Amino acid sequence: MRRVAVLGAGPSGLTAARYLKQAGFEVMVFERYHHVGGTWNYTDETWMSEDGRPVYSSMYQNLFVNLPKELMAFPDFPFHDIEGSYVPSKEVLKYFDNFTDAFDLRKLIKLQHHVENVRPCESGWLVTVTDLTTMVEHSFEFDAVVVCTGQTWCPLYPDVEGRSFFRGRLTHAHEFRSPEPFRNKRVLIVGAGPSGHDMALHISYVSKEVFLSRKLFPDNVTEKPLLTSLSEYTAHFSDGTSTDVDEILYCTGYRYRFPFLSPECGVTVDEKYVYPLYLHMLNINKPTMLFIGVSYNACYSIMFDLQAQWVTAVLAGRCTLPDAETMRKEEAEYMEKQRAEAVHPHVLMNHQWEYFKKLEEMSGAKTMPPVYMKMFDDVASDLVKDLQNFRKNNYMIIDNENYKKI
């Protein structure tokens, strides 16, 4: 166990590379874009790039973070000193470029390399990639592979009665880049929890009327219950109401999609479920393949930090895992409990802190500063509770235990 492939140089991939490199592995990171940082990169491009491969970023113009920069930074790599907690996206991109440079990761990253296929070979892995600058295909052999390609690029559209009758413009959150196409339009946003809050707000500034449909806002945003059918130009809702709309915008999230995974990798990828994974990371069938960033709805800084340290510990043999039968059993029990609590398989929100404590114990990682939990539990929901104003709040962490509002 020496040569490890990292697939993706977004936050997940970058974190993995730091820990794997520190642990003495020979790391190679493949990234299709020309810049690290994942979806924090903004591009005018959507769906497919002119370079011939998908656009993976769903970033849009003028986005600000929905969590204070103080909680988005890794505990041992603070954000650059810039005024304000709720920074524009470019500051987060800058953060990951610095992070990459700080840990001497850049030399490990093959930019504009699009991973096309991954398959088991002997006990290791064969990774096939295209160098998009030459269009030459390259194959590389590795002892382990860490999949960090994200899950905010392949859109999910929930089925709705009559959807195929609708004649207005239908788009997904993935391709949202600016509110301009929605100017003076009657817009229905189909959302889930907080998924459509920010886009509703952005669109409210240019559109005639916004309808936010889900199973606080500006005056021209009208909340609606569940969308129940569509007709040619009209939306019908669970309350028996209906409204005419020119545009429908699905803020209905994404599905897992890992096109490069050959069936022999032993991973089954369904819309909301990737299996069989232990702790959302380890491929139970082929345990030298691991994923970072499959789990979601959590304090991501800590999640990335810990999953990278856990993956690293497993590959270095410092973490001894239960046998496969036990891992399948624990996974099975975990997933039954997800269903009982009515959340999707890889959603961490209800138990993230306990999950992180487990990762800490198994990986040998430094314990997380409790202030992350206190601050997160206090402010994470502010988007849904004080959408128009929460980003004016500024915070400063005082010590390992406490923070304050400025």
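In case it trips you up, residue 1 is the first one in the sequence shown, and so on.
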>> Counting only residues that lack coordinates, how big is the gap in the deposited sequence between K215 and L216? Pick none, 1 to 3, 4 to 9 or 10 or more.
In response: 4 to 9
> Looking at the deposited entry, does 53-61 or 375-383 carry the larger mean Cα B-factor?
Replying inline: 375-383
>> Please compare 320-328 with 279-287 and name the stretch with the higher mean C-alpha B-factor in the deposited structure.
In response: 320-328
>> Among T149, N184, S295, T171, where is the Cα B factor highest in this entry?
In response: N184
> Highest CA temperature factor in the entry: which of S229, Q112, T312, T128?
Replying inline: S229
> Once the chain's modelled residues are ordered by C-alpha B factor and cut into thirds, is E271 in the lowest, middle or highest one?
Replying inline: middle
>> Please place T39 in the lowest, middle or highest third of its chain according to the CA B-factor in the PDB entry.
In response: lowest
>> Can you tell me whether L105 has a C-alpha B-factor in the lowest, middle or highest third compared with the other modelled residues of the same chain?
In response: middle
> If you rank the chain by CA B-factor, which third does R255 end up in: lowest, middle or highest?
Replying inline: middle
> Against its chain's modelled residues, does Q307's Cα B factor rank lowest, middle or highest third?
Replying inline: lowest
